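A single chain comes next, written as structure tokens; it is the form deposited without its partner chain.
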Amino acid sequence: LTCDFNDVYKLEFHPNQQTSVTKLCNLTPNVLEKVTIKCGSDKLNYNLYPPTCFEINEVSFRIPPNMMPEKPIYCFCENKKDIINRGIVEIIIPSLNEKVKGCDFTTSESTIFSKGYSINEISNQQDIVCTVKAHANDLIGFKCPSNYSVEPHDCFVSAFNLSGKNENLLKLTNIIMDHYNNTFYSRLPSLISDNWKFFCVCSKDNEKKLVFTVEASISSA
């Protein structure tokens, strides 16, 4: 899931080229996978258009979880001299077949998550507890209001035990902890060998706590 126009799909001119050379780098990421595009550096004078692709010289992004099918996104790494060698990145946008298992504490009409809560629900002392039952390969996540803090701060790297304490987690994968929008994601392993329950908490002084609890059950995928 890298398009390296610097050393892999090389855009170096050849001697006495009459016409362009065009290279195609086609990617089929899964949702939330990281794509990297390398285009240009100190020595290699290449530009990427548009400068950030999916809204040395290097860009990475991850495709968000979406239920709206989209046409591929293209971006162009250009080498000039008028002859232009161009690397064309095509990213097929994966679409989800159902909402992400988990909890959007910021809307009752989430674009992303299976369960949502309106501002009236999360407002005013009992916890709001949102429980998801997850199995092998499930994508899970939650979003808390931007004003809230999340405990533990690195939820999914660590989480709290329904029984014991903070536990460095279960081989969770593609962990995303986006503190800009207080949105957290990860993927259960393809093999879960033991039942595990854990939780993370969002809070804000004088507000109901928002509890995201996961019951991960023995399974195989």
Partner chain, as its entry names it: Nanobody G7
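Residue numbers count along the first chain shown, from 1.
Below: the form deposited with its partner chain bound, not depicted.
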* Asked: If we take heavy atoms and a 4.5 Å cut-off, which stretch out of 68 to 76, 85 to 93, 126 to 134, 100 to 108 is in contact with its partner chain in the entry with it bound?
  -> 126 to 134
* **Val211: touches its partner chain in the entry with it bound, heavy atom cutoff 4.5 angstroms** => yes
* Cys25 near its partner chain in the entry with it bound, any heavy atom under 4.5 Å? -> no
* Applying a 4.5 Å heavy atom distance criterion, does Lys43 contact its partner chain in the entry with it bound? -> no
* Asked: Are any of the heavy atoms in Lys197 no more than 4.5 Å from a heavy atom of its partner chain in the entry with it bound?
  -> yes
* If you check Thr173, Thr52, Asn161, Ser190 against its partner chain in the entry with it bound, which one has a heavy atom within 4.5 Å? -> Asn161
* Identify whether its partner chain in the entry with it bound is within 4.5 Å of every residue in the set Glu12, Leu48 and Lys81, based on non-hydrogen atoms. => no
